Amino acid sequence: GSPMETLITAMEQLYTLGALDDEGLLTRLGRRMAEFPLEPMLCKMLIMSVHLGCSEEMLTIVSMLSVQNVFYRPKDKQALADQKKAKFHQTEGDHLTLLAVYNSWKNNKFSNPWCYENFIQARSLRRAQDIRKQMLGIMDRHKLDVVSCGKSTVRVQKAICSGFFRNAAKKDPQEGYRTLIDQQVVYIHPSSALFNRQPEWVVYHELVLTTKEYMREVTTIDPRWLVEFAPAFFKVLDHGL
């Protein structure tokens, strides 16, 4: 709400992400993050994916998160659109579902008819593709290794967690989820890949208030990853686990 306030908040975020050290200087991680034109949590998870051996997947995920409407859901074809979407649904959640969508598009030869059949916006995937190429070019310039996790997608989940631990939520016994940061009651959106399999712990990309305070893009986590990637930030009960 004021230049100084938001600057201080952003500085604190950088420290917790590992971008700044105890003396407030940029770390190697911070320097690398700074080369990308993304918001800091996205930069963090991209760099970490290099260390976690899943930068091939993360480049795609980051690009998919940077575009708007990937799926469309016509009023008269809702069950069909949901059926086609659910085929992409991954058990680990929304980020890996976005990866699945992009990879399928690629494997089906970047086909507009295929996008139409599956209720996917071809224009959004094309923009995602452009962004990915840009991000890959930055990776290559600064010798940041691009590798795939293959079937070991737990490494993708961990990388997301290393960036978005601040957005951790634990399932509430009575209703929805409670955020760890300030105990806000939040919910998994009906469109989420996790809506019918709501796990104990998640991180979310962002919060959006519509019908309820909804989490947008949720990924399943192990609570121990919070301590692994943000050991100063969490207490084995700051915020309890």
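So that there is no doubt, residue numbering starts at 1 and follows the sequence shown.
If I compare the deposited sequence with the modelled residues, how many are absent between residue 4 and residue 5: none, 1 to 3, 4 to 9, or 10 or more?
The entry has no unmodelled residues between residue 4 and residue 5.
Return whichever of 198-206 and 29-37 has the greater mean Cα B factor according to the PDB record.
On average, C-alpha B-factors are higher across 198-206.
Quick check: 14-22 versus 228-236, which has the larger average CA B-factor in the record?
Taking the mean B-factor of the alpha carbons in each, 228-236 is higher.
Which one of 42, 58, 180, 64 shows the top CA temperature factor in the record?
The C-alpha B-factor peaks, among 42, 58, 180, 64, at 180.
Based on what the PDB entry reports, which of 78, 103, 162, 129 has the top C-alpha B-factor?
Reading the PDB entry, the winner on C-alpha B-factor is 78.
Using only modelled residues of the chain, where does the Cα B factor of residue 186 rank: lowest third, middle third or highest third?
For residue 186, whose C-alpha B-factor we compare with every modelled residue in the chain, the answer is the highest third.
What third of the chain, by the recorded C-alpha B-factor, contains residue 155?
For residue 155, the deposited C-alpha B-factor lands in the middle third.
With respect to C-alpha B-factor, does residue 93 fall in the lowest, middle or highest third of the chain as deposited?
It falls in the middle third of the chain.
Thinking about Cα B factors across the chain, which third does residue 47 belong to?
It falls in the bottom third of the chain.
Please rank the C-alpha B-factors of the chain's modelled residues and tell me whether residue 74 sits in the lowest, middle or highest third.
For residue 74, the deposited C-alpha B-factor lands in the highest third.
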